[PDB]
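Take a look at this single chain, the form deposited in one PDB entry, given in structure tokens.
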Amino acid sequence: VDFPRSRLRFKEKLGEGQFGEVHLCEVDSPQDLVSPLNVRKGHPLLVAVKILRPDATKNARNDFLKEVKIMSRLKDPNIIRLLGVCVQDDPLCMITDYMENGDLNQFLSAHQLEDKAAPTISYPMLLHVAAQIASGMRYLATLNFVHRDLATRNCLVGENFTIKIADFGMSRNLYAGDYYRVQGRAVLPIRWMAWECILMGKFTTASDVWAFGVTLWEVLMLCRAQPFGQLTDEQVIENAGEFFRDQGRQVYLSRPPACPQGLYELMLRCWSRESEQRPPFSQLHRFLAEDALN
């Protein structure tokens, strides 16, 4: 059942993509449509809508139709959700919740750790942000779904520090420095990648755990610094080789200022050479949710 396209009212542009756009839209007369949405009375219902340009290539339309298939199965509080589609006619549309605070890298960058002595954020809230990401990945693991590009730039933030995992792709200018590009090869977020992904292209739930470790390091750094930021792309790839050789010469991300040694030891577990020794997301969530409880 197509969402009624006529009820979508443009407001502003959230994203310029290569073959489409993401727009912020209001939903005209929202009460008629509620079954999958929830709207407070007398307030504007805002949604994000990904629209395929109606003259986009056949390749682009194919990729869009597959993304609809993938999005359709995602049903978890910490993964973005498909509210509806308009695909029986053109332009093809997907609809999702509006997350008013944008991506998590930009959001956290504007905050400082609160000073007990005295926009800020507390240590327990940082853990709450991290645990929501772990819960989202826990869900994806039960689907045997491998993300392949977990990073704070790919998470969205709503009200009250709620987090949802997304996947923007790798084309945004703002994050060009986070990807390694070689002609004729896949574009690769090497600073977030397990050693076996870099050397063999093997992406698994276990390499998603490695990437979660880096993502947790980002959060505890308040997104103030790039992983391995003082090293070149070449040195990061060479480091992957040192994990393989296993002669004690591989290096790790350092402990953030806001990060206690216990939590750092969890990050190091996420970066275990052997993929089967890395913790499952069910245990990562538990650790982080306990600590954030008090």
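Residue positions are given as counts along the sequence shown, with the first one as 1.
The form deposited in another entry is left out here; the points below concern that form.
Treating the motion between this form and the one not shown as two rigid pieces, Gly15 does not share its piece with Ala110.
Compared with the form shown here, the Cα atoms of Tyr175 and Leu24 move at least 3 Å closer together in the other entry. By 3 Å or more, the C-alpha separation between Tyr175 and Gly15 shrinks in the other entry relative to the form shown here.
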